[PDB]
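Here is how the chains run, residue by residue.
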Amino acid sequence: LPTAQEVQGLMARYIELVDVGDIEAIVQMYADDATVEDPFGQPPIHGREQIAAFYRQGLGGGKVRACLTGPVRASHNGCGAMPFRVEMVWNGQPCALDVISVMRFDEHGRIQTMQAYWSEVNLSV
């Protein structure tokens, strides 16, 4: 179970992998029975293949970017939350999405749950 400092490291690492579009590396941060709610409110996806499929759908095009927009806030029970911005490209038009992601990590340092908070109000062109 990661310490607060290890949570900050793991979650900053997540953002880096997203930014460079390494699907394989991201999927491996997840526990075998992880769940992903993205956007939070939608039904959760479960299992490594479905999570893999999710990240391929979003990052497969290659041009997607991401960076932290403030520090990671970490707990002493293996959890953390971070604000970030995702730059992506629907029709050639640059757009940005503001997101906050909440993660719970398991006893092996792997992501057990991820919840990503955003909606259309957080999208800009």
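Whatever comes next refers back to the structure up there.
Procedures and definitions
- Residues numbered from 1 in each chain as written, not as in the entry; some residues may be left out.
- Heavy atoms only, no water.
- Salt bridge = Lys/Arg side-chain N within 4 Å of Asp/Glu carboxyl O.
- Buried < 20%, exposed > 50% of the residue type's maximum accessible area, 1.4 Å probe, protein only.
- Helix = DSSP H or I, 4+ residues; strand = E, 2+ residues; numbered from the N terminus.
- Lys, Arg positive; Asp, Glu negative; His and termini not counted.
- Polar contact = N/O pair within 3.5 Å; in protein donor to acceptor, adjacent residues only side chain to side chain.
- Contact = heavy atoms within 4.5 Å.
- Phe/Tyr/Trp six-rings, centres within 6.5 Å; stacked < 30°, edge-to-face > 60°.
- Patch = residues over 30% accessible without salt bridge, like charges linked within 9 Å, V, L, I, M, F, W, Y side chains within 5 Å.
- Areas by Shrake-Rupley, 256 points an atom, 1.4 Å probe, with all protein chains shown as cover.

Asker: Where do I start with the pattern of salt bridges in this structure?
Answerer: Two side chains carrying opposite charge are able to pair once their charged atoms lie near each other. Tallied over the entire structure, the rule returns 3 salt bridges. Between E49 and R56 there is a salt bridge, and its shortest N-O distance comes to 3.1 Å. We classify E49 as exposed; its relative accessible area is 53%. Assessed through its relative accessible area of 44%, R56 is described here as partly exposed. The salt bridge involving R85 is made with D98; its shortest N-O contact spans 3.3 Å. Highlighted residues: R85 in strand 5 (residues 79-89) and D98 in strand 6 (residues 94-105), separated in sequence by 13 residues.

Asker: Would you take a moment to explain unusual backbone geometry for this structure?
Answerer: Peptide bonds are trans in most cases, and residues, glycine excluded, mostly fall at negative phi. Here the amide bond leading from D38 into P39 is cis, since omega sits at 0 degrees, within 30 degrees of zero. Structurally, the position occupied by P39 is in the loop between strand 1 (30-37) and strand 2 (45-46).

Asker: Please explain the side chain of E37 as it appears in this structure.
Answerer: Along the chain, the position of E37 falls in strand 1. For the buried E37, which has no salt bridge, the nearest side chain bearing the opposite charge is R104, at an N-O separation of 10 Å. Only 3.1 Å separates the side chain of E37 from the side chain of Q115, close enough to count as a polar contact. Residues in contact with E37, not counting those within four places in the same chain, are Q42, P44, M114, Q115 and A116.

Asker: I tried to follow the packing of aromatic side chains on my own but got confused; where do I start?
Answerer: How two aromatic rings sit relative to each other is set out by the distance from centre to centre and by the angle between their planes. Enumeration over the complete set of coordinates arrives at 4 aromatic pairs. Taken together, a centroid distance of 6.2 Å and an interplanar angle of 75 degrees make the contact between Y14 and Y55 edge-to-face. Pair noted here: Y14 is in helix 1 (residues 4-19) and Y55 is in helix 3 (residues 48-59), with a separation of 41 residues, a long-range link. The exposure class assigned to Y55 is buried, which follows from its relative accessible area of 5%. Aromatic pair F54 and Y55: ring centres 5.3 Å apart, planes at 90 degrees, arrangement edge-to-face. A single burial state applies to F54 and to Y55, both of which are buried. An aromatic cluster is present here, built from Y14, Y30, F54 and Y55 joined pairwise through their rings.

Asker: Please explain a nonpolar patch on the surface as it appears in this structure.
Answerer: Among the surface-exposed residues, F40, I100 and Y117 lie close enough to one another that they form a single nonpolar patch of about 270 Å² accessible area. On the secondary structure map, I100 appears in strand 6.

Asker: Teacher, can you tell me more about the environment of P94 here?
Answerer: Topologically, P94 is positioned in strand 6. Along the sequence, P94 and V125 sit 31 residues apart, while their C-alpha atoms lie 6.3 Å from each other. With sequence-adjacent residues up to four places away left out, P94 is seen in contact with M88 and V125.

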